[PDB]
Structures are given as C-alpha cells and as structure tokens.
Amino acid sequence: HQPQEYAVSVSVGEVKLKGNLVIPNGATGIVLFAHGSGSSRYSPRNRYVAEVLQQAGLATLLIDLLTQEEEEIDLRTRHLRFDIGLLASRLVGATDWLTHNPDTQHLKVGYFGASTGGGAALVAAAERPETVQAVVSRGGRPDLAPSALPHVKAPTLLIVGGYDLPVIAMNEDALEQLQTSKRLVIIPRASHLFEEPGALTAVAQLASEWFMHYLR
C-alpha cells in the first residue's frame, strides 16, 4: 500500500552513512537530499518535502552526510559541517551507491540541497554530469561554489525566500553562472528556512514539479 521506509547503510569509501530510503511502486526518479549544516536525515523540513515527493511517486534518500562519529565531534568543533568539498564528496559517494545498488540502479538521480546543502549539491552535480538529472537548491549560497557552477549539466531550480534578501542577490548571481536549463523562483514573504505558513509547502510543490519533469 503506502511506501515503506528503509534504514540503509550507504558506503562511501571508508565511511558508512545512515540513510532513509523510500521507493514508491513504479518510481522512475530518486531525489537525494543534502541537509543543511548541523542538520541530519531527520530534518523535519526535508522529511516533509520528502513525503510530498513520495506522494507524487518519486523515490527519496534522506542521508546523513557525516558519520555518526563525525556528528558527535562536529557538534563541538563545527570543523566539518561547513566543509563544502567534503560534503560534496559525500553526496557524490551516495550517488554512486544509488547507481550501483540493484534496488535503485534504474532510478534517475536528482538532488535536493537545503541551505548549505545547495552549494554542496551543485559541486557534486558538476562531478557526475551524466548521472545527475536535476537539482533544486532551497535557500542556498550557490554563488559560493563558482568553479562548479558553469559545469553543472543538471537542470537547476534555485528557490529562495523573499525576506531572505542577502541570499536572493547571491542566487541571482549564481543563476547567471549556470549554463544549463535553469530557474530562480522566490517565495514571497518567506524567511531563510521557509518557516512562515505555507512557505515550506510551496517549496515542496515547486520541487515536486521540477523533479517530476526532469527525472523521467
């Protein structure tokens, strides 16, 4: 009936990353989520969005980009949570795992990157141009990954909140650096984490439309 949630261990070289995999019947696309700094696969924001994508018939993989051990150390040092190179490599690793797993090998991979995850998603997408078919960045700072931007081949949707004025101009700047099919959309009167009534729902709705079109 309703799709099942699987607790998976995603191997990326020497590390194992915890994941929550859901694959509705008949799914053709899968959305890999890059959580924001200090967050996890349990993010209520990403879980809400994931449930919306699942309902539209998209598979989802909510993953911890850091190991459990790393999360405990980083909680005090913060020496890993803003390391965009590392986070992108972890996302590339999770992409390869999806590619080589018989349960998901047939699925078209897309990325949903939240806050700092957005930049990490774009850096990873530039590293897997034939594999990653779409990217959505929710309130990110893509402009801070300028070497990756013009190499991204995955159709990219940048979403920002209208009250998050600094991040808007930076997404506008990033949009110009992208050379692929692209769009920037603004959710009016929404702040950084889209906490205002209806904001997060709009993010999910926009992301669903995008992934459904591009992960065919």
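Residue indices: 1-based, along the sequence shown.
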Ranked by mean Cα B-factor in the entry, 140 to 148 and 71 to 79, top stretch is 140 to 148
Quick tally, chain-level thirds of C-alpha B-factors: residue 24 sits in the lowest
So where's residue 11 on the chain's Cα temperature factor ranking, which third?
highest
Third assignment of residue 106 from its chain's C-alpha B-factors:
lowest
Can you work out whether the C-alpha temperature factor of residue 55 puts it in the lowest, middle or highest third of the chain?
highest
On the chain's distribution of Cα B-factors, residue 32 falls within the third called middle
